[PDB]
file run-v9.cif (mmCIF, C-alpha atoms)
data_upload
loop_
_atom_site.label_atom_id
_atom_site.label_comp_id
_atom_site.auth_asym_id
_atom_site.auth_seq_id
_atom_site.Cartn_x
_atom_site.Cartn_y
_atom_site.Cartn_z
CA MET L 1 14.81 -4.38 -31.97
CA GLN L 2 18.57 -4.04 -32.40
CA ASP L 3 18.40 -0.76 -34.30
CA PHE L 4 15.99 0.98 -31.93
CA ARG L 5 17.43 4.13 -30.44
CA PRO L 6 16.12 5.38 -27.08
CA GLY L 7 16.05 9.16 -26.66
CA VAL L 8 13.80 12.12 -27.50
CA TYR L 9 11.10 11.62 -30.14
CA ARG L 10 8.50 13.89 -31.64
CA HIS L 11 5.04 12.34 -32.12
CA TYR L 12 3.45 13.32 -35.43
CA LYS L 13 0.88 15.41 -33.53
CA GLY L 14 3.64 17.67 -32.18
CA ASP L 15 4.47 16.63 -28.62
CA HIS L 16 7.85 15.39 -27.41
CA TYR L 17 8.45 12.14 -25.52
CA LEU L 18 11.47 10.50 -23.94
CA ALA L 19 11.90 6.86 -24.91
CA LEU L 20 13.76 5.19 -22.04
CA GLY L 21 14.23 1.89 -23.85
CA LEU L 22 12.57 -1.36 -24.89
CA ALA L 23 10.74 -3.78 -22.60
CA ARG L 24 9.00 -7.15 -22.69
CA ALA L 25 5.25 -7.01 -22.05
CA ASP L 26 4.75 -9.98 -19.74
CA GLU L 27 1.16 -10.87 -20.72
CA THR L 28 1.84 -11.22 -24.46
CA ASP L 29 5.65 -11.51 -24.64
CA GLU L 30 5.86 -8.58 -27.07
CA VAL L 31 8.43 -5.79 -27.45
CA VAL L 32 7.18 -2.38 -26.29
CA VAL L 33 8.77 1.04 -25.99
CA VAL L 34 8.73 2.63 -22.54
CA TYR L 35 8.40 6.42 -22.74
CA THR L 36 7.45 9.52 -20.75
CA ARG L 37 5.78 12.68 -22.05
CA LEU L 38 7.68 15.96 -22.20
CA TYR L 39 4.70 18.32 -21.95
CA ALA L 40 1.99 19.10 -19.40
CA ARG L 41 -1.44 17.45 -19.33
CA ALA L 42 -3.41 15.42 -16.77
CA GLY L 43 -2.92 11.73 -16.02
CA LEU L 44 -0.10 9.15 -15.91
CA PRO L 45 3.13 10.57 -17.37
CA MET L 46 4.67 7.26 -18.46
CA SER L 47 3.38 5.10 -21.32
CA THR L 48 4.27 1.95 -23.23
CA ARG L 49 3.57 1.07 -26.83
CA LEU L 50 4.30 -1.84 -29.18
CA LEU L 51 7.61 -1.27 -30.99
CA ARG L 52 6.03 -2.36 -34.29
CA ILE L 53 3.32 0.32 -33.96
CA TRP L 54 5.76 3.00 -32.73
CA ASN L 55 7.84 2.42 -35.91
CA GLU L 56 4.91 2.87 -38.31
CA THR L 57 4.55 5.55 -40.94
CA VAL L 58 1.16 7.26 -40.58
CA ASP L 59 -1.08 9.02 -43.13
CA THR L 60 -1.95 12.56 -42.06
CA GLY L 61 -3.42 15.76 -43.47
CA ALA L 62 0.22 16.78 -43.81
CA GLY L 63 1.07 13.67 -45.85
CA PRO L 64 3.05 10.54 -44.78
CA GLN L 65 4.96 10.94 -41.49
CA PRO L 66 6.69 8.65 -38.98
CA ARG L 67 4.40 8.08 -35.98
CA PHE L 68 7.34 9.00 -33.72
CA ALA L 69 10.44 10.67 -35.14
CA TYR L 70 13.82 10.50 -33.44
CA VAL L 71 15.42 13.90 -32.86
CA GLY L 72 18.32 13.35 -30.49
CA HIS L 73 18.74 13.69 -26.73
CA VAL L 74 17.34 17.19 -26.36
CA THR L 75 14.04 18.80 -27.26
CA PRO L 76 13.56 22.23 -28.90
CA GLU L 77 12.20 25.40 -27.26
CA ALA U 1 -4.48 0.59 -6.10
CA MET U 2 -2.46 3.14 -8.09
CA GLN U 3 -2.33 5.57 -5.17
CA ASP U 4 -0.87 2.89 -2.89
CA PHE U 5 1.75 1.68 -5.36
CA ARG U 6 5.31 2.47 -4.33
CA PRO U 7 8.02 2.28 -7.00
CA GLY U 8 11.30 0.78 -5.83
CA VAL U 9 12.91 -2.61 -5.26
CA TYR U 10 10.66 -5.66 -5.06
CA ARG U 11 11.38 -9.29 -4.28
CA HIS U 12 9.32 -11.60 -6.53
CA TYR U 13 7.94 -14.62 -4.62
CA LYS U 14 10.43 -16.89 -6.40
CA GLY U 15 13.45 -15.13 -4.91
CA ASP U 16 14.71 -12.66 -7.54
CA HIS U 17 14.71 -8.87 -7.15
CA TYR U 18 13.41 -6.21 -9.54
CA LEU U 19 13.42 -2.41 -9.77
CA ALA U 20 9.97 -0.96 -10.40
CA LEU U 21 10.51 2.44 -12.04
CA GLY U 22 6.88 3.50 -11.87
CA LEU U 23 3.38 3.08 -13.30
CA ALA U 24 2.59 3.46 -16.99
CA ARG U 25 -0.42 3.42 -19.31
CA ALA U 26 -0.21 0.86 -22.12
CA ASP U 27 -1.20 2.94 -25.16
CA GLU U 28 -3.08 0.21 -27.09
CA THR U 29 -5.23 -1.03 -24.21
CA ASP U 30 -5.22 1.90 -21.75
CA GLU U 31 -4.40 -0.60 -19.04
CA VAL U 32 -2.26 0.37 -16.05
CA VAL U 33 1.09 -1.47 -15.96
CA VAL U 34 4.24 -1.65 -13.80
CA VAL U 35 7.53 -0.86 -15.57
CA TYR U 36 10.39 -2.82 -13.97
CA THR U 37 13.95 -4.05 -14.54
CA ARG U 38 15.44 -7.32 -13.35
CA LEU U 39 18.33 -7.10 -10.91
CA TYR U 40 20.06 -10.39 -11.73
CA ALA U 41 21.91 -11.94 -14.67
CA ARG U 42 19.78 -13.46 -17.43
CA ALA U 43 19.54 -13.39 -21.21
CA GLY U 44 17.09 -11.03 -22.90
CA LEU U 45 15.40 -7.66 -22.54
CA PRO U 46 16.18 -6.41 -19.02
CA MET U 47 13.01 -4.29 -18.76
CA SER U 48 9.51 -5.71 -18.53
CA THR U 49 5.94 -4.47 -18.05
CA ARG U 50 3.13 -6.18 -16.16
CA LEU U 51 -0.46 -5.25 -15.33
CA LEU U 52 -0.67 -3.56 -11.94
CA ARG U 53 -3.59 -5.74 -10.87
CA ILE U 54 -1.63 -8.92 -11.64
CA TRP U 55 1.53 -7.54 -9.97
CA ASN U 56 -0.59 -6.88 -6.87
CA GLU U 57 -2.09 -10.37 -6.74
CA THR U 58 -1.39 -12.73 -3.86
CA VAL U 59 -0.07 -16.21 -4.56
CA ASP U 60 0.13 -19.47 -2.61
CA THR U 61 3.06 -21.81 -3.20
CA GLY U 62 4.16 -24.56 -0.82
CA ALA U 63 4.57 -22.08 2.05
CA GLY U 64 1.30 -20.13 2.34
CA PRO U 65 -0.21 -16.88 0.96
CA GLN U 66 2.28 -14.16 -0.04
CA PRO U 67 2.62 -11.13 -2.35
CA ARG U 68 3.57 -11.91 -5.94
CA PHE U 69 5.96 -8.96 -5.54
CA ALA U 70 7.07 -7.78 -2.07
CA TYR U 71 8.33 -4.19 -1.66
CA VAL U 72 11.63 -4.01 0.24
CA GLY U 73 12.72 -0.41 -0.21
CA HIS U 74 15.30 1.06 -2.56
CA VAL U 75 18.20 -1.35 -2.17
CA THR U 76 18.77 -5.05 -2.87
CA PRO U 77 20.15 -7.59 -0.33
CA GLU U 78 23.79 -8.57 0.26
#

call {"tool": "encode", "arguments": {"input": "run-v9.cif", "output": "structure tokens"}}
result
Amino acid sequence: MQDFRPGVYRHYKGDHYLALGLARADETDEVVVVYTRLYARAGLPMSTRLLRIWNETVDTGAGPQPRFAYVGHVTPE
Amino acid sequence: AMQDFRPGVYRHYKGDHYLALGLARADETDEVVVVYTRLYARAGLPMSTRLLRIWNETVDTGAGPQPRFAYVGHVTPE
């Protein structure tokens, strides 16, 4: 909770997202991350996700990687 | 319901005001939720999320049927 840093993150699949901050999910009283996608696709641009899941390390074909990696306040080209 | 949702300032039926920033998709459940911030002093996380269908429900206290959250524009009262 306390050490979470809102800002731009790169999901392990390659796309960038802007984490606006943490929030309390009313139905379960759990801490979620509120974020918007920084790429074009169809559907709702904003999403939420449990902080504990967002912070997980995930196994991939490219080896262990953070599910979402913090990269600052700007995104690359 | 999504199409009729208007982000902005809402007055919860209990008297306090909140700022709904917009709609969001909860990643785990794929449910549609409202992202909002409280506009009054209290301890805790200022932002919250709540299912759109619950946010849109009507409630009946000791004064008759009324919106759980009533839209009042983009500003809060004096």

call {"tool": "atom_distance", "arguments": {"input": "run-v9.cif", "atom1": "atom CA of residue U:12", "atom2": "atom CA of residue U:67"}}
result
7.9 Å

call {"tool": "closest_residue", "arguments": {"input": "run-v9.cif", "among": "U:1, U:51, U:19, U:43", "to": "chain L", "atoms": "only C-alpha atoms"}}
result
U:51

call {"tool": "interface_residues", "arguments": {"input": "run-v9.cif", "of": "chain U", "to": "chain L", "cutoff": "10 Å", "atoms": "only C-alpha atoms", "output": "PDB file with C-alpha atoms, keeping the file's coordinate frame"}}
result
ATOM      1  CA  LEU U  21      10.510   2.440 -12.040  1.00  0.00           C
ATOM      2  CA  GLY U  22       6.880   3.500 -11.870  1.00  0.00           C
ATOM      3  CA  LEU U  23       3.380   3.080 -13.300  1.00  0.00           C
ATOM      4  CA  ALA U  24       2.590   3.460 -16.990  1.00  0.00           C
ATOM      5  CA  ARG U  25      -0.420   3.420 -19.310  1.00  0.00           C
ATOM      6  CA  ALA U  26      -0.210   0.860 -22.120  1.00  0.00           C
ATOM      7  CA  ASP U  27      -1.200   2.940 -25.160  1.00  0.00           C
ATOM      8  CA  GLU U  28      -3.080   0.210 -27.090  1.00  0.00           C
ATOM      9  CA  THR U  29      -5.230  -1.030 -24.210  1.00  0.00           C
ATOM     10  CA  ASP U  30      -5.220   1.900 -21.750  1.00  0.00           C
ATOM     11  CA  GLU U  31      -4.400  -0.600 -19.040  1.00  0.00           C
ATOM     12  CA  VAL U  32      -2.260   0.370 -16.050  1.00  0.00           C
ATOM     13  CA  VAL U  33       1.090  -1.470 -15.960  1.00  0.00           C
ATOM     14  CA  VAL U  34       4.240  -1.650 -13.800  1.00  0.00           C
ATOM     15  CA  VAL U  35       7.530  -0.860 -15.570  1.00  0.00           C
ATOM     16  CA  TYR U  36      10.390  -2.820 -13.970  1.00  0.00           C
ATOM     17  CA  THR U  37      13.950  -4.050 -14.540  1.00  0.00           C
ATOM     18  CA  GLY U  44      17.090 -11.030 -22.900  1.00  0.00           C
ATOM     19  CA  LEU U  45      15.400  -7.660 -22.540  1.00  0.00           C
ATOM     20  CA  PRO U  46      16.180  -6.410 -19.020  1.00  0.00           C
ATOM     21  CA  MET U  47      13.010  -4.290 -18.760  1.00  0.00           C
ATOM     22  CA  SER U  48       9.510  -5.710 -18.530  1.00  0.00           C
ATOM     23  CA  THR U  49       5.940  -4.470 -18.050  1.00  0.00           C
ATOM     24  CA  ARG U  50       3.130  -6.180 -16.160  1.00  0.00           C
ATOM     25  CA  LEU U  51      -0.460  -5.250 -15.330  1.00  0.00           C
ATOM     26  CA  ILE U  54      -1.630  -8.920 -11.640  1.00  0.00           C
TER      27      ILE U  54
END

call {"tool": "resolve_selection", "arguments": {"input": "run-v9.cif", "expression": "the PyMOL selection byres ((chain L and resi 63-76) around 6)", "output": "PDB file with C-alpha atoms, in the coordinates of the input"}}
result
ATOM      1  CA  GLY L   7      16.050   9.160 -26.660  1.00  0.00           C
ATOM      2  CA  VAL L   8      13.800  12.120 -27.500  1.00  0.00           C
ATOM      3  CA  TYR L   9      11.100  11.620 -30.140  1.00  0.00           C
ATOM      4  CA  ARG L  10       8.500  13.890 -31.640  1.00  0.00           C
ATOM      5  CA  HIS L  11       5.040  12.340 -32.120  1.00  0.00           C
ATOM      6  CA  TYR L  12       3.450  13.320 -35.430  1.00  0.00           C
ATOM      7  CA  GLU L  56       4.910   2.870 -38.310  1.00  0.00           C
ATOM      8  CA  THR L  57       4.550   5.550 -40.940  1.00  0.00           C
ATOM      9  CA  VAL L  58       1.160   7.260 -40.580  1.00  0.00           C
ATOM     10  CA  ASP L  59      -1.080   9.020 -43.130  1.00  0.00           C
ATOM     11  CA  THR L  60      -1.950  12.560 -42.060  1.00  0.00           C
ATOM     12  CA  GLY L  61      -3.420  15.760 -43.470  1.00  0.00           C
ATOM     13  CA  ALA L  62       0.220  16.780 -43.810  1.00  0.00           C
ATOM     14  CA  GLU L  77      12.200  25.400 -27.260  1.00  0.00           C
TER      15      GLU L  77
END

call {"tool": "closest_residue", "arguments": {"input": "run-v9.cif", "among": "L:54, L:1, L:20, L:15", "to": "residue L:41", "atoms": "all atoms listed in the file"}}
result
L:15

call {"tool": "resolve_selection", "arguments": {"input": "run-v9.cif", "expression": "the PyMOL selection byres ((chain U and resi 71) around 8)", "output": "mmCIF file with C-alpha atoms, keeping the file's coordinate frame"}}
result
data_model
loop_
_atom_site.group_PDB
_atom_site.id
_atom_site.type_symbol
_atom_site.label_atom_id
_atom_site.label_comp_id
_atom_site.auth_asym_id
_atom_site.auth_seq_id
_atom_site.Cartn_x
_atom_site.Cartn_y
_atom_site.Cartn_z
ATOM 1 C CA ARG U 6 5.310 2.470 -4.330
ATOM 2 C CA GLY U 8 11.300 0.780 -5.830
ATOM 3 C CA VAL U 9 12.910 -2.610 -5.260
ATOM 4 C CA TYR U 10 10.660 -5.660 -5.060
ATOM 5 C CA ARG U 11 11.380 -9.290 -4.280
ATOM 6 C CA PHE U 69 5.960 -8.960 -5.540
ATOM 7 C CA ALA U 70 7.070 -7.780 -2.070
ATOM 8 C CA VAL U 72 11.630 -4.010 0.240
ATOM 9 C CA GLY U 73 12.720 -0.410 -0.210
#

call {"tool": "atom_distance", "arguments": {"input": "run-v9.cif", "atom1": "atom CA of residue L:13", "atom2": "atom CA of residue L:39"}}
result
12.5 Å

call {"tool": "atom_distance", "arguments": {"input": "run-v9.cif", "atom1": "atom CA of residue U:20", "atom2": "atom CA of residue U:58"}}
result
17.6 Å

call {"tool": "resolve_selection", "arguments": {"input": "run-v9.cif", "expression": "the PyMOL selection byres ((chain U and resi 39) around 9)", "output": "list in words"}}
result
residues 16, 17, 18, 19, 37, 38, 40, 41, 46 and 76 of chain U

call {"tool": "residues_around", "arguments": {"input": "run-v9.cif", "residues": "residue U:60", "least_positions_apart": "6", "cutoff": "12 Å", "atoms": "all atoms listed in the file", "output": "PyMOL selection string"}}
result
chain U and resi 13-14+66-68
